[PDB]
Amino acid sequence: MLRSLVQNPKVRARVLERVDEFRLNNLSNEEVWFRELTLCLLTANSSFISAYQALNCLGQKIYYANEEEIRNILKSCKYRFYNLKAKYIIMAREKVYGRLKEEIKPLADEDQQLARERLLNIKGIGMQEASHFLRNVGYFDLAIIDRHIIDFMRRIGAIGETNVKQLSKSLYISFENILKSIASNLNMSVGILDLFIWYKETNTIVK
């Protein structure tokens, strides 16, 4: 039921491309790292298409435009969370632009779990966004989880039914390990299994 998806040549081909993209990102400059961070801020409570369209609309302005200008571009791009996201992008820029890779790469190279923890200091960045970001810059041993993902696990019989009253750090790590087991059997990392999961759900290869 899942094993088939992972063997699909069409899907595998596209996924390898993303994997290459992520590895290249790890070797890319500060601008690329901040761009990925910005994508993750925009994906919060949004689909990939909305977030990517927003990113594309903003283009190079994420590096220098002021809050008002970024808000106006997101608004014109039809991105619904333009008000708060504009603020988060500016605050992230002020806080980490220019030293994001500098501080995170060496930490992530040694401990992905700790690097994720460091990123939580960024406003708008929670466990899901932090895992997403690190995955996008080459670190594949961190699952990207949210209630939707949990429901997917239920649907494939990975877990049973449960009411996630509060998705805690531990609970998040809980589901992560389960996904890792799955990913492992499928001969891959959990950060990469995420792509196959979204493909089954959306028929597209996101990031």
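Residue numbers run from 1 along the displayed sequence.
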Looking only at C-alpha temperature factors in the entry, 169 to 177 or 65 to 73, the higher average sits in 169 to 177
As the entry reports it, the stretch among 108 to 116 and 89 to 97 with higher mean C-alpha B factor is 108 to 116
Of the three thirds of the chain ranked by Cα temperature factor, residue 189 occupies the middle
Assert third(CA B-factor, residue 23) within chain per record equals lowest
For residue 83, the third of its chain by CA B-factor is the middle
Residue 43: CA temperature factor from the record, placed by chain third, in the lowest
Split the chain's modelled residues into thirds by Cα B-factor; residue 16 lands in the middle
